[PDB]
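Quick heads-up: it's one chain on its own, the form deposited in one PDB entry, in structure tokens.
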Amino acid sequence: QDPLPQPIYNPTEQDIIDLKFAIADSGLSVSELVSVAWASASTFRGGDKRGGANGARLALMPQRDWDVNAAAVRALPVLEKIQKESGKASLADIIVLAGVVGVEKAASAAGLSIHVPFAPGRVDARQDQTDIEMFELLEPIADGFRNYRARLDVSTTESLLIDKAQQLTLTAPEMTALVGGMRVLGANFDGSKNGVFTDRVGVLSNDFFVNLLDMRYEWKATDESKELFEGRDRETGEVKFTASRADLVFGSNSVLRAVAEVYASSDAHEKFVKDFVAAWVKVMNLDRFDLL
């Protein structure tokens, strides 16, 4: 017996206000904030009752030591210290809240004060409620939201992104708003420039789409494996951007460019930000009221 029950929390509105203040002032960047929240939520699979942000299992084994999560796991200790210092909310709630602050900061930097809806109520799992063997199964072969791809395989990078979006129950418009925003917010798991079509990383703009759609660039594989692409300015021939298949599908799948061309420019900046926020929140809440 590890005797006492976990604390029961009932954050009030003002509790949440102060936890946002604490998180905003912690020196954590927009990239670190968005990565930790995404690493938490993104284990959800439709139909399985294991993944999702409830439980803060990112803080435990084995998710804490997954390669994909190394960036996310660098914010944890800051957030773990904030949670212990306040004891008004569970770390699971505070991880998701970090995502909220990070997205609100990104949009502010873009000139918009969006409110990002937050549902309180999550609890923390103990390691001895977190069967290590069962959770290893969910370690991702790929997360194209963070441009991660293990085990260059028989299966297609592009095909694994679709599978992951399907696991998350995302629409094509949601999956698209999410990839585009996560690129420019700096969510790539290893800081790669792939897909990062912007000179203002950490600002929630629609740059991914403006630039991906821009016909001034011509895209070519860097070799036979065809997993890495350079995009060159057609007049100079000078490489301007690089991309993986998970970036390029939004141009190169007629059907995904369709959804992709909506956001690709402008006065369109505010609708992309609203759809981003709706999608992000939807992912954050997949294990709230999951019917299956």
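Residue numbers run from 1 along the displayed sequence. Think of the rigid core as the biggest set of C-alphas that the two forms share within 1.5 Å after superposition.
Worksheet item: If you average the Cα B factors in the entry, which is higher, 238 to 246 or 63 to 71?
Response: Of 238 to 246 and 63 to 71, the stretch with the higher C-alpha B-factor average is 63 to 71.
Item to complete: With reference to the PDB entry, specify whether the mean Cα temperature factor is higher for 166 to 174 or for 90 to 98.
Response: Higher mean C-alpha B-factor in the PDB entry: 166 to 174.
Practice prompt. Between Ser266, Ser31, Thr43, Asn54, let me know which has the highest C-alpha B-factor in the entry?
Written response: It is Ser266.
Item to complete: Please rank the C-alpha B-factors of the chain's modelled residues and tell me whether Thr130 sits in the lowest, middle or highest third.
Response: It falls in the top third of the chain.
Discussion item. Please say which third, lowest, middle or highest, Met284 falls into when its CA temperature factor is compared across its chain.
Written reply: Within its chain, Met284 is a lowest-third residue by C-alpha B-factor, going by the deposited values.
Practice prompt. For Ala22, return the chain-relative third of its C-alpha B-factor as stated in the PDB record: lowest, middle or highest.
Written response: Middle third by C-alpha B-factor.
Item to complete: Please rank the C-alpha B-factors of the chain's modelled residues and tell me whether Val196 sits in the lowest, middle or highest third.
Response: Within its chain, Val196 is a middle-third residue by C-alpha B-factor, going by the deposited values.
Item to complete: Taking the values exactly as deposited, rank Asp214 by C-alpha B-factor within its chain and report the matching third: lowest, middle or highest.
Response: CA B-factor rank for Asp214: middle third.
One more form of this protein exists, namely the form deposited in another entry; it is left out here, but the text below deals with it.
Worksheet entry | Position that moves between this form and the one not shown after core superposition, taken from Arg64, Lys240, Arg257, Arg50, with Cα shift of 2 Å or more | Only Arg50 moves by 2 Å or more at its C-alpha.
Worksheet item: Under a superposition restricted to the rigid core, does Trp219 display a Cα displacement of 2 angstroms or more between this form and the one not shown?
Response: No.
Practice prompt. Could you check whether the CA atom of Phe118 moves 2 Å or more between this form and the one not shown, using the rigid core for the fit?
Written response: Shift at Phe118: below 2 Å after core fit.
Worksheet item: Quick one: once the rigid core is lined up, does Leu152 have its C-alpha move by 2 Å or more between this form and the one not shown?
Response: Superposed on the core, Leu152 moves its C-alpha less than 2 Å between this form and the one not shown.
Discussion item. I want to verify one pair: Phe135 and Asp143. Are their C-alpha atoms nearer or more distant in the other entry compared with the form I supplied, knowing the change is 3 Å or more?
Written reply: It is farther: in the other entry, the C-alpha atoms of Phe135 and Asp143 lie at least 3 Å more apart than they do here.
Practice prompt. Have a look at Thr157 and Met134: in the other entry, are their Cα atoms closer together or farther apart than in this form, given the change is 3 Å or more?
Written response: Farther: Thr157 and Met134 separate by 3 Å or more in the other entry.
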